[PDB]
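Protein chains in written order, with the entry's author numbering: chain B, 3219 to 3231, 3244 to 3341, 3345 to 3561; chain A, 3218 to 3232, 3243 to 3561.
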Amino acid sequence: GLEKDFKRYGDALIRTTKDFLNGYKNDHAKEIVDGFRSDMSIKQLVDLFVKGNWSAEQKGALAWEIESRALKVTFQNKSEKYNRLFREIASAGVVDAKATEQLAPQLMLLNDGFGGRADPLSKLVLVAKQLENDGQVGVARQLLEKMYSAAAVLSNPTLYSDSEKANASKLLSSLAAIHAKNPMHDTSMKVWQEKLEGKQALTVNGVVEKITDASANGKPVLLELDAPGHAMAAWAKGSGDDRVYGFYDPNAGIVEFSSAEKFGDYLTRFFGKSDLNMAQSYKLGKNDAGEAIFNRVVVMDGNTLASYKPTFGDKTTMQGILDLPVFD
Amino acid sequence: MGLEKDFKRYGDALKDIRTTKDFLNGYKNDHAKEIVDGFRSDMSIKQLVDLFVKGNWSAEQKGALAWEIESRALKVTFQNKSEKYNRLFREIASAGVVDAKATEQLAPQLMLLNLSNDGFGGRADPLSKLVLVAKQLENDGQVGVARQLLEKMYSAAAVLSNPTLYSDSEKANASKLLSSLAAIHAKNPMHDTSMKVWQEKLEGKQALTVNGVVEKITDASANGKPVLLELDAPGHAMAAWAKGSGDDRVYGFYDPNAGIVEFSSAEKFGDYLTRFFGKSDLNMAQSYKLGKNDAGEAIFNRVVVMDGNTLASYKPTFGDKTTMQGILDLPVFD
Ligand SMILES: [Cl-]
Ligand SMILES: [Cl-]
Ligand SMILES: [Cl-]
Ligand SMILES: [Cl-]
Ligand SMILES: [Cl-]
Ligand SMILES: [Cl-]
Ligand SMILES: [Cl-]
Ligand SMILES: [Cl-]
Ligand SMILES: [Cl-]
Ligand SMILES: [Cl-]
């Protein structure tokens, strides 16, 4: 009978006064509400609230003890059988556009192919964040969705139109072009601002400071984190509450945070011995202090990299590749 | 290892023929072994490029070798992400103050839980309805209204569990949103007589099976109009819907356990729902204790064909002018 207990409570009401809201907290009723016990039932708590003269802060204390129990909504990881059924349906036969949106974020990429280091992906993810900072939306999440769609079209071409087979080959052949002609070696334009290696190499903390620097509010920070035969990306984009700090790894996929503190906690624990110890798994060397350092950290120039053309003769730019379609 | 030099020689041998319908028709699997003389399905990428460069081929013949080469050289394999990466993300996102951007990635991985006699019923009575209003609004142009409902509920619950980490304005918004779900349960819109939020109530001899729900949701006669169904099982409410038009039309299902699932394909939607309730896979029909029709087929105690427009304009709390659509726009942070 929690429904009848919540109606009598709601009718007994002040819920917007700063005197009430200050009392609306946990472990506070046991110190200002005479006749309160943390083993009481919702029914007993409502009886104590109605039968009794209370102050503004005192009504807020009981309000929290009542609402924290009556309006409680608990969350928990979804059971594996629901995820297994969704992946089985979404990965079967013809590619499902809407299903791929929900499936892409749960997958990881593997190796032959092109690079095997994810050379072109870390770069395209950085261009995508340059474009997202400038207003576009979900450019990086759609890059993974399109790659998954292109691969599916290339594996079962008999299930797609000639237009779709042409789009899939063009997108995948474009990733191979970025690897064949690495923009880092181009001499007509400099796609990088700085190339921190050797005695200038950065640690995970160095990358975190560069990404979370509060002086970059509104401007994008685009870094390519290079480890032996394994390339990753880190970035910052947006402004104010919309500013986001992210990290990309072919294994973990794309991870973003609104909090600079959570981003720093994630990256430190990702590479640190305290948790995943990825720094030693990707075989990072150490500086004279014994701190893990990246073989190279490239501070990219989003604008120059976005305008780079991987295939000579063709006018398709990096930004152009992120807009290449797969389906009509 | 020298696959990069083999792809450059290949790309140069095509200078467009890659966009001619004669080339694309030949660009298929199991087709080169029947039109390309001197082809063996045991050849290496290097041998395939040699056969492509050294040899005069037709439009369809270049497409066959192109597929055999690209299907191997441009191959990208996918796999489930390791659980340790998801565990690290959940640990960071669930610590201290709620992270707006992290909640966007976390919400879709969670499921909802509550009391048997909770402050809004242990059947998800108000959620199935709010999800249907959200789909009514999404059909009309709004975006991610249902995904943000779960993100806000997660944020409200977090604020209610750790109020000392949020402002008075935030604690007031969290209590207002959660108290609104309790209002929808206290005053069930299905019993309102000032407005009819439902079009039909299929029950008894008119009860639908899982296949019946699939036909109603995927029915091509709904053009670009929204189909909003509430699937009622003993003490457990779910939702099913169709929204959008053309390539954008989507078929979805909501269950507090499975969360929100959507498909562009009517066939995949049907395969998902059939296997969700069927004994062949999850067997949820027997878990939610569904009854059976004279044919022994599992049926829902009731399927409500909702009227998105009327339900969206319904006011759960009397005296207050907040509508169902208004609840989906209630804020949590400021
Ligand atoms: Cl065929
Ligand atoms: Cl912060
Ligand atoms: Cl597309
Ligand atoms: Cl020809
Ligand atoms: Cl866990
Ligand atoms: Cl405050
Ligand atoms: Cl009812
Ligand atoms: Cl049937
Ligand atoms: Cl969900
Ligand atoms: Cl919000």
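Backbone N, C-alpha and C define an ideal beta-carbon position, used for all residues, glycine too.
* Going along chain A, which residues have a C-beta under 7 Å from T3246(B)? -> Reading the first sequence from its first residue, position 16 is the one you call residue 3246(B). Going along chain A in sequence order, the residues near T3246(B) (Cβ under 7 Å) are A3399.
* Asked: Tell me, which residues are paired with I3262(A) by DSSP?
  -> Start at 1 with the first residue of the second sequence, and residue 3262(A) comes out as number 35. DSSP, once it has assigned bridges, lists no residue as partnering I3262(A).
* Span of the alpha helix (DSSP H) around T3537(B) -> Within the first sequence, numbered from 1, the residue matching residue 3537(B) stands at position 304. Membership of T3537(B) in the alpha helix (DSSP H) is indicated by the continuous run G3535 to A3539.
* Under 8 Å by beta carbon: chain A residues contacting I3319(B) -> Mapped onto the first sequence, residue 3319(B) falls at position 89. The contacting residues are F3490, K3495, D3498, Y3499 and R3502.
* To do: Quick one: give me the first and last residue of the beta strand (DSSP E) that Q3336(A) is part of.
  => In the second sequence, counting from the first residue as 1, residue 3336(A) sits at position 109. DSSP places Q3336(A) outside any beta strand (DSSP E), giving it a letter other than H or E.
* Neighbour list for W3294(B) in chain A, Cβ cutoff strictly below 7 Å -> The sequence position of residue 3294(B) within the first sequence is 64, counting from 1. Contact annotation for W3294(B) against chain A: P3390 [CB-CB distance below 7 Å, chain order].
* Asked: If the cut is a Cβ gap below 8 Å, which residues of chain A does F3224(B) touch?
  -> The count along the first sequence starts at 1 and reaches residue 3224(B) at position 6. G3346, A3409 and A3413, listed in chain order.
* To do: Reducing DSSP to helix, strand and coil, say where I3487(A) ends up.
  => Taking the first residue of the second sequence as position 1, residue 3487(A) is located at position 260. The three-state secondary structure of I3487(A), taken from DSSP, is strand.
* To do: Can you tell me the Cβ-Cβ gap for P3353(B) and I3411(B), rounded? I've got them flagged as a contact below 8 Å.
  => As a position in the first sequence, residue 3353(B) is number 120, starting the count at 1. As a position in the first sequence, residue 3411(B) is number 178, starting the count at 1. Beta-carbon to beta-carbon, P3353(B) and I3411(B) are separated by about 4 Å, close enough to satisfy the 8 Å threshold.
* To do: Please compile the residues from chain B whose C-beta is within a distance smaller than 7 Å of the C-beta of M3380(A).
  => Here the question's residue 3380(A) lines up with position 153 in the second sequence. Under the 7 Å cutoff, chain B gives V3303.
* **Endpoints, the beta strand (DSSP E) within which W3425(A) is located** => Sequence index remark: in the second sequence, residue 3425(A) carries index 198 (1-based). For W3425(A), the enclosing beta strand (DSSP E) starts and ends at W3425 to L3429.
* **Pairwise C-alpha distance: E3397(A) and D3326(A)** => Within the second sequence, the letter at position 99 stands for residue 3326(A). Within the second sequence, the letter at position 170 stands for residue 3397(A). Cα to Cα, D3326(A) sits roughly 14 Å from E3397(A).
* **With 16 other Cβ atoms within 10 Å as the buried cut-off, status of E3489(A)** => In the second sequence, counting from the first residue as 1, residue 3489(A) sits at position 262. So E3489(A) counts as buried.
* To do: Output, in chain order, the set of chain B residues within a Cβ distance shorter than 7 Å of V3477(A).
  => Stepping through the second sequence from its first residue, residue 3477(A) is reached at position 250. The answer, in chain order, is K3328.
* **Check whether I3319(A) and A3286(A) have beta carbons under 9 Å apart** => Numbered from 1 along the second sequence, position 92 holds the residue referred to as residue 3319(A). Numbered from 1 along the second sequence, position 59 holds the residue referred to as residue 3286(A). Cβ distance not < 9 Å, so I3319(A) and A3286(A) don't count as in contact.
* How do the region 3408-3426 of chain A and the region 3481-3501 of chain A stand: do at least 3 beta-carbon pairs fall below 8 Å, yes or no? -> The region 3408-3426 of chain A vs the region 3481-3501 of chain A: no contact.
* Taking the alpha helix (DSSP H) that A3293(A) falls in, what are its first and last residues? -> On the second sequence, position 66 is the one that residue 3293(A) refers to. Here the alpha helix (DSSP H) through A3293(A) covers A3286 to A3300.
* Please work out which residues of its chain come closer than 8 Å, Cβ to Cβ, to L3404(B), disregarding the five sequence neighbours upstream and downstream, and give them in chain order. => Here residue 3404(B) refers to the residue found at position 171 when the first sequence is read from its first residue. Same-chain partners within the cutoff: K3379, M3380, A3383, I3554, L3557 and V3559.
* **Contact test: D3556(B) Cβ vs ligand 4 heavy atom, cutoff 8 Å** => Working through the first sequence from its first residue, we reach residue 3556(B) at position 323. Checking every heavy atom of ligand 4 against the Cβ of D3556(B), none is found closer than 8 Å.
* Using a C-beta cutoff of 9 Å, does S3406(B) count as contacting chain A? -> For this step, residue 3406(B) is matched to residue 173 along the first sequence. Closer than 9 Å: yes.
* Asked: In angstroms, rounded to a whole number, what distance separates the CA positions of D3277(B) and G3546(A)?
  -> If you number the first sequence from 1, residue 3277(B) lands on position 47. If you number the second sequence from 1, residue 3546(A) lands on position 319. Cα to Cα, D3277(B) sits roughly 25 Å from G3546(A).
* Status (buried if at least 16 other CB within 10 Å, exposed otherwise) for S3394(A) -> The residue labelled residue 3394(A) in the question sits at position 167 within the second sequence. So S3394(A) counts as exposed.
* Asked: Does any heavy atom of ligand 7 sit closer than 8 Å to the C-beta of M3380(B)?
  -> Counted from its first residue, the first sequence places residue 3380(B) at position 147. Taking non-hydrogen atoms of ligand 7 into account, the C-beta of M3380(B) is found less than 8 Å away from none of them.
* To do: Flag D3243(A) as yes when its Cβ comes closer than 8 Å to any non-hydrogen atom of ligand 4, and as no otherwise.
  => Here the question's residue 3243(A) lines up with position 16 in the second sequence. When distances are taken from the beta-carbon of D3243(A) to the heavy atoms of ligand 4, even the shortest one reaches 8 Å or more.
* Do we get a CB-CB distance below 9 Å when we pair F3279(A) with the residues of chain B? -> As a first step, residue 3279(A) must be located in the second sequence, where it is residue number 52. Contacts with chain B at 9 Å (Cβ-Cβ) do not include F3279(A).
* **Classification of residue 3235(A) by the beta-carbon crowding that lies within 10 angstroms, buried from 16 upward** => For residue 3235(A), nothing is modelled; it lies in the interval where chain A passes from 3232 to 3243 with no residues in between.
* Is the closest heavy atom of ligand 5 to the C-beta of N3307(B) under 8 Å? -> Looking up residue 3307(B) in the first sequence gives position 77. Yes - ligand 5 has a heavy atom lying nearer than 8 Å to the Cβ of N3307(B).
* Asked: Candidates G3282(A), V3532(A), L3538(A) and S3448(A): which alpha carbon is nearest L3435(A)'s?
  -> Taking the first residue of the second sequence as 1, we reach residue 3435(A) at position 208. Closest option to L3435(A), Cα to Cα, is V3532(A).
* Under the rule that 16 or more other beta-carbon atoms within 10 Å means buried, what is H3418(B), buried or exposed? -> Position 185 of the first sequence, counted from the start, is the residue given in the question as residue 3418(B). The residue is exposed, with fewer than 16 neighbouring Cβ atoms inside 10 Å.
* Residues, ordered as in the chain, of the region 3261-3279 of chain B that lie near chain A by beta-carbon distance below 9 Å -> Considering only beta carbons, the part of the region 3261-3279 of chain B lying closer than 9 Å to chain A consists of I3272, in chain order.
* **N-terminal and C-terminal residue of the alpha helix (DSSP H) that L3376(A) is part of** => Here residue 3376(A) refers to the residue found at position 149 when the second sequence is read from its first residue. In this chain, the alpha helix (DSSP H) harbouring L3376(A) covers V3372 to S3388.
* Would you mind telling me which residues of chain B sit closer than 9 Å to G3486(A), beta carbon to beta carbon, in chain order? => As a working mapping, residue 3486(A) is identified with position 259 in the second sequence. By Cβ distance, chain B contributes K3308 and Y3312.
* Asked: Quick one: does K3403(B) have its CB under 9 Å from some CB of chain A?
  -> As a position in the first sequence, residue 3403(B) is number 170, starting the count at 1. Interface residue, yes.
* Touching by the beta-carbon criterion (3+ pairs, under 8 Å), the region 3509-3516 of chain A and the region 3419-3434 of chain A -> A contact between stretches requires three or more CB pairs, one per stretch, nearer than 8 Å, and the region 3509-3516 of chain A fails this requirement with the region 3419-3434 of chain A.
* Any idea what DSSP makes of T3304(A), helix, strand or coil? -> To locate residue 3304(A), count along the second sequence from 1; it is residue 77. Strand.
* For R3529(A), which of helix, strand or coil comes out of DSSP? -> As a first step, residue 3529(A) must be located in the second sequence, where it is residue number 302. Note: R3529(A) maps to strand in three-state DSSP.
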